[PDB]
Amino acid sequence: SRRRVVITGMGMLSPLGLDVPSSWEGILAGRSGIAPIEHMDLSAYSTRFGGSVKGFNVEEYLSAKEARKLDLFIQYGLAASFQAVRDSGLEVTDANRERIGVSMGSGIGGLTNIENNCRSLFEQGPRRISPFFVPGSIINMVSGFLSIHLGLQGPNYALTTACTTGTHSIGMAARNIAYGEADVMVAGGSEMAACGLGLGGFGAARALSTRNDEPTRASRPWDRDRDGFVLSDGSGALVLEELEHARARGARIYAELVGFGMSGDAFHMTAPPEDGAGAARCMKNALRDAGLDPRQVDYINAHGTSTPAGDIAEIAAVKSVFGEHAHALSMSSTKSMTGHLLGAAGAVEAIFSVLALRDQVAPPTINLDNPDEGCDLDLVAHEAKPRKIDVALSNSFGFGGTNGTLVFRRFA
Amino acid sequence: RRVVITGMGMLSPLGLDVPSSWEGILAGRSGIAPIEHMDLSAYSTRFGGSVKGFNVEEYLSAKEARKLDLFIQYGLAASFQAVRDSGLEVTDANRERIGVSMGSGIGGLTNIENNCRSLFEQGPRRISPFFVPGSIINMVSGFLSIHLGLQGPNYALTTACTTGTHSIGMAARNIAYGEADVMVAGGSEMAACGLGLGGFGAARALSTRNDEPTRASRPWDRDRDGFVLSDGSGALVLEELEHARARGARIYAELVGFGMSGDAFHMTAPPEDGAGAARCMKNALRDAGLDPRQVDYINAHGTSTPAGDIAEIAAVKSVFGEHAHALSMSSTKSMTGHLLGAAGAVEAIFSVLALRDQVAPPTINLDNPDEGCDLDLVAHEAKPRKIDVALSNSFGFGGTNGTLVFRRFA
Ligand SMILES: [K+]
Ligand SMILES: [K+]
């Protein structure tokens, strides 16, 4: 029946760094990765900043010939994946390649490539669309290209669930392993939606912070002066592995993935209900899946995107699920520093949750200068808090009311 | 926990619902024609499978519909159809146990085109406020859950040609695991626009048989020259067996197996031996606890491509051995074209209906079977025959493979 799933490898590109340790160093130091966007002219836009990946060198991962065929979200996804596989120490062979799969997702995918090709179509005609437009832009090609590069022949797929993509990708990949469909999965997500369509689109929806004068203070979850999310880019990948498989090869085990929960709000296209009813049902599903007492939860890495309705819904949901224990645990939003990585958010935040377990420290919610009415939990304001963490949750409560919760536990 | 199919819904190039589409399938009718909605003079391919006469206001108000990309409208239509067909009554007692997994290969290309037009010509402040929510792939699942009040697992797959097949398979897993009693699963696509036809055209992936569009899709025929791009949607209501029995549901068939693999070979062209497709079919059969000899009908991937079609023949021969000549295999894409994200969903429906009616759909246009294509490919005309177990295959871009196994329920 249901086999146990552990984390043996991790990889990442974020607004804070070009790998896991550098990103984590920034997280624990309370550093913002948010800055005015330099790669395009945003003078005509209401938001002119975000979390860019800085100094990415694709030549550390892929030949120039292969890299030019790929949208940045694919480059980022492959980078995080290559890091995670290397980190795991796993040797891929004919004996195991059929048992190793991939589930790397994205919220929007190759929007830069789509936009660029639409410009070519409109101004020059259809014969100027790139032959690599489809294979270089569709969301499943992170899973596609990774499997080809490394010879991974197990289950191969891709989620697209907006803010929840990375969380679903990791959860369902653990389900594959638990079910016996695979012994190893590379899972997570990637995003690069910082183009005219992305910044303009979220801008037209009035979804983004417009705090152009102080970009590092823009992302401020649970603060009374929050005004929308900050768009960020990057990727996270984890190597998930069946427990006995990991033990048999003497793998280093970071943590155990013990629970995964899902729900739908069935409420609104963009905003959650203020009581966070769906989020609460999601966390409850996750806790039951993990066979845990709620009081066992020590740290919650929040969705916390710095939106009026979104942030307050999470407080309400945490209070409903945990009761008086809501005041004993610590919850923080690392999006205060990284901004919102959309399809990659759940992946980088799973990594942060695993590292919170490794290092026994809760990452801060920076910018929490004045908590809003009712936001009176331990939200780890301003600075990292060393504390006991035996169980960590990571929440993603995304566009369309799609909810996912992952439950991680210390392994010994 | 066993999983059964209690409702189905569809938009295809052959009809605006399941029965109309199925009638076309059994008649050998083509849904492919020159594309009318845009000027394709400068394009190498000027035809495909369009949904004709779709009326969204049978499902949604004009205001609701306006914001949503066509792929979402199509996905909602199939989903609404399937839920209605199932007879399920949604209540407070069960709403947290009913979820949605509707996917798409490429999603809102038409809305992206339109908002690009506005961005380039007049700037970012002229992008639609509803662009993002009305264009992102998970919004079929999102909108459906909101409209019907469904609070169970809510997600979306995007695995090109295999989307619909993965969506149905993984929704069945949700039910089997106990995280849901009912799932609405499938896919939708509306990519037969400028970016889609131009994009696949640039990749030289499409048939260019502009002079005879109905003859263009010709799986395993020696003169095939690429796939035909088509629009539409399919949706299935998957239900736990006891749940279905307790409410007296009509059960079309049972979903008994789901298999996956990766080729880890090429972007678009599978290995000639179909090794990945073979592993996938074997995985599906193992999941179902069935021997290859129990399979009666296979609804192929069969997109009408040189490498793709022949890999499937090789895969079927390796998996089924001598029994490969006893079963029937056909590609309904010969009539429907390739619905991309919706292909696996509409083809799961065709497989279920093959079981209901005991008839194998034809592979039309199979005038001259290519070298080695000597199986029973149901050439030209529908074939009544015994069908106890049916497979549906999807072997998609990226080498991503999925196989569903359906069985008669008595
Ligand atoms: K989180
Ligand atoms: K099929």
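FYI, side chains are in, hydrogens and waters are out, and symmetry mates aren't considered; it's all heavy atoms of this structure. Read the numbers this way: they start at 1 and go in the same order the structure lists the ligands and their atoms. Naming convention: chains lettered A, B, ... in sequence-line order (proteins, then strands); numbering from 1 in each chain.
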Asker: Nearest 10°: the angle subtended at the K ion (ligand 1) by A:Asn395 O and A:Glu349 OE1?
Answerer: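 Vertex the K ion (ligand 1), arms to O of A:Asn395 and OE1 of A:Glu349: 110°.
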Asker: Under 30°, 30 to 60°, or over 60°: which ring-plane class applies to A:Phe399 and A:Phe229, parallel, tilted or perpendicular?
Answerer: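 If you compare the ring of A:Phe399 with that of A:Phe229, the planes turn out tilted.
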Asker: Side-chain donor-acceptor pair under 3.5 Å between A:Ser336 and A:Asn367, yes or no?
Answerer: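 A:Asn367 and A:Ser336 do not have a side-chain donor-acceptor pair below 3.5 Å.
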Asker: Between the side chains of B:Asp376 and B:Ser328, does any donor sit under 3.5 Å from an acceptor?
Answerer: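 Checked: B:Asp376/B:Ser328 side chains pair up, N/O donor to acceptor below 3.5 Å.
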Asker: What I want to check is whether the side chains of A:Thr161 and A:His168 have a donor and an acceptor closer together than 3.5 Å.
Answerer: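 Looking only at side-chain atoms, A:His168 and A:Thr161 do form a donor-acceptor pair, the distance falling under 3.5 Å.
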Asker: Is the K ion (ligand 1) under 3.4 Å from any N, O or S atom of A:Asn301?
Answerer: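 A:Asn301 does place an N, O or S atom closer than 3.4 Å to the K ion (ligand 1).
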Asker: Quick check on the K ion (ligand 2): does B:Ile298 put an N/O/S atom closer than 3.4 Å to it?
Answerer: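 No - counting backbone and side chain alike, B:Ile298 has no N, O or S atom under 3.4 Å.
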Asker: Can an N, O or S atom be found in A:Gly346 less than 3.4 Å away from the K ion (ligand 1)?
Answerer: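 It does not; every qualifying atom lies at 3.4 Å or beyond.
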Asker: Would you say A:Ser394 reaches the K ion (ligand 1) with an N/O/S atom under 3.4 Å?
Answerer: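 So A:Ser394 does bind the K ion (ligand 1) by this criterion.
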Asker: For the pair B:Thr336 (side chain) and B:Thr332 (backbone), establish whether a donor and an acceptor sit closer than 3.5 Å, ignoring hydrogens and angles.
Answerer: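 Side chain of B:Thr336 to backbone of B:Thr332, a donor-acceptor pair under 3.5 Å: yes, one is there.
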